[PDB]
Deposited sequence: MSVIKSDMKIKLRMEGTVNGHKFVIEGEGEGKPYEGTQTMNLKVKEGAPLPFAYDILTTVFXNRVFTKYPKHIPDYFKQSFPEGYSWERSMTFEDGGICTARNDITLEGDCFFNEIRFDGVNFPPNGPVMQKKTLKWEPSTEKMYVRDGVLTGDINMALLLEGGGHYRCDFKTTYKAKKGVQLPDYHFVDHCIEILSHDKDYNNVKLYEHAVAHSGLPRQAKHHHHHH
């Protein structure tokens, strides 16, 4: 209700991947009730990035999810006070990332204070060799664990040359105040880089997300 049909987004990511430091800023907008957002992202420090940009994109806000009425919306309920999230990204070849986002709201704009760290990517792996094409669509499994909303995802990057590179996500979402906790449910996702320049200094990103209860009997 402080959550309007149209909202703005501003973000700052600082991070390190296999020792390479960088800073990326973003500005965009979205439709919280349609579960859509688009952002323009600019590398401010650390160009040219030496790793696959796709590892960053799901870190660049579950407010942008179409929740049906019968599933409590943890994220929209969190505002105006907001929420933070932490995530582990466990890639099948030993690469591990940690990420976090503290999300605040000022007027019609979400502010996103992000940290991203990646370690142990193999040097001839698809991330350091920039072999990724896109994330496949996914279904996130949302459940409450010790009062903490948790999402687990089987994620996969499609590779140049045709196979997949798997990553397991675990995100913990924490509202700053008391909200109605949902029961077990799902969030479907599609995320796409709509356009980019050669070194990904400039990227236009899109996400669509929809919450649901899964297949009925």
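Of the deposited sequence, the ranges 1, 62, 220-228 have no C-alpha coordinates according to the record.
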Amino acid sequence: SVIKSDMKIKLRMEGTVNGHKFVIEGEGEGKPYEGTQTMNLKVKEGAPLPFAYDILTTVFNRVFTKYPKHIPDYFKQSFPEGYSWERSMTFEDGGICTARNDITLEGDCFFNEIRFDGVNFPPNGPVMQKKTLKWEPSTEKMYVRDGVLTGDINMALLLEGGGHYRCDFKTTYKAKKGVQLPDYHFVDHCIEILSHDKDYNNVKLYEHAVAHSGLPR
From here on, numbers count along this sequence of modelled residues.
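The PDB entry reports B-factors from which the mean C-alpha value can be compared for 39-47 and 163-171; the larger average falls on 39-47. Stretch comparison (49-57 versus 25-33) by mean CA B-factor in the PDB entry places 25-33 on top. Set against one another, the Cα B-factors of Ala99, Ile96, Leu105, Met142 in the record reach their highest point at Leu105. In the PDB entry, the Cα temperature factor peaks, among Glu81, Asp117, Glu92, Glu86, at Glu81. Among all modelled residues in its chain, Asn112 ranks in the middle third by Cα B-factor. The PDB entry assigns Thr65 a C-alpha temperature factor belonging to the middle third of its chain's modelled residues. Among all modelled residues in this chain, the alpha-carbon of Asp73 has a temperature factor (C-alpha) in the middle third. In the PDB entry, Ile153 places in the lowest third of its chain by CA B-factor. Among the modelled residues of its chain, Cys190 has a C-alpha B-factor that falls in the middle third according to the deposited record.
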